[PDB]
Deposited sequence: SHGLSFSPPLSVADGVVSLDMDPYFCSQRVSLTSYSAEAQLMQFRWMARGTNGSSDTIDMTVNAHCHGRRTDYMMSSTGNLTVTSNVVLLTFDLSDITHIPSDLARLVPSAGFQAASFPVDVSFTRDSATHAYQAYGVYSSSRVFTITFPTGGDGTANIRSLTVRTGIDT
C-alpha cells in the first residue's frame, strides 16, 4: 500500500533521489568529498569589553579566516586595556563589530565546551604569553579569561588573541 520513502539529508524530486549537501561542509566530485564553498578572509574591528577584572574596552583588529566550517581568528589590540585584577575576563559580542555573520557563529556542538585561546600582551615593557580558554555564553558572545601578569591597576598593550571555532 505504502512503498518506500527517504528522510533528510536524503530527498527526492521527479523520482530522482539526492544527497542534500551543506556546501560549507561537503560536496560531490562523483563521490562525497569536503566543502566546495569559497573560503574568505574577513578583516574588521572588534571592540572587546572587559567584564570582570576590568571595565575598560579594547579595539582589536581582527582577521577571520572562514574556511569550510572552520573559522580561525587572528587578532591585535590597538591602544591599551586598563586592568584592575590579576585575571581578566574579556568579552567578544558580535554586536561590537564594525558580512555573513553566520560563519562567525559556533555550532551548538562547539558551544558545549570551553575552548583553547592563545594570548599574549605587554605589561610595563615585559612580554607575557598564556595558554588561555574561551567560552561562548550565548551563540553570539564568547569570553576569554587570562591572567594579567600582576596585581591592582595597570594597562596592558599589544594584546594578541589566536583562536578558532567550528561553525
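Positions of the deposited sequence absent from the coordinates form one stretch: 99-101.
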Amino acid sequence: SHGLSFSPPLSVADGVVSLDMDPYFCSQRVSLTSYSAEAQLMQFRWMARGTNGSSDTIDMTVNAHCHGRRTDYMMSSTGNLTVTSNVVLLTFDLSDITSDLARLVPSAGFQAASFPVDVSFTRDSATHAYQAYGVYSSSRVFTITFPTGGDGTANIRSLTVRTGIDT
From here on, numbers count along this sequence of modelled residues.
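For the pair 100-108 and 127-135, the mean Cα B-factor is higher in 100-108. Taking the mean C-alpha B-factor of each stretch as recorded, 155-163 and 11-19 are not equal, and the higher mean is that of 11-19.
As recorded in the PDB entry, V30 shows the highest C-alpha B-factor of the residues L41, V30, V117, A113. Annotation for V87: CA B-factor lies in the middle third of the chain's modelled residues. Split the chain's modelled residues into thirds by C-alpha temperature factor. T71 is in the middle one.
When the modelled residues of the chain are ordered by their C-alpha B factor, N52 lands in the highest third.
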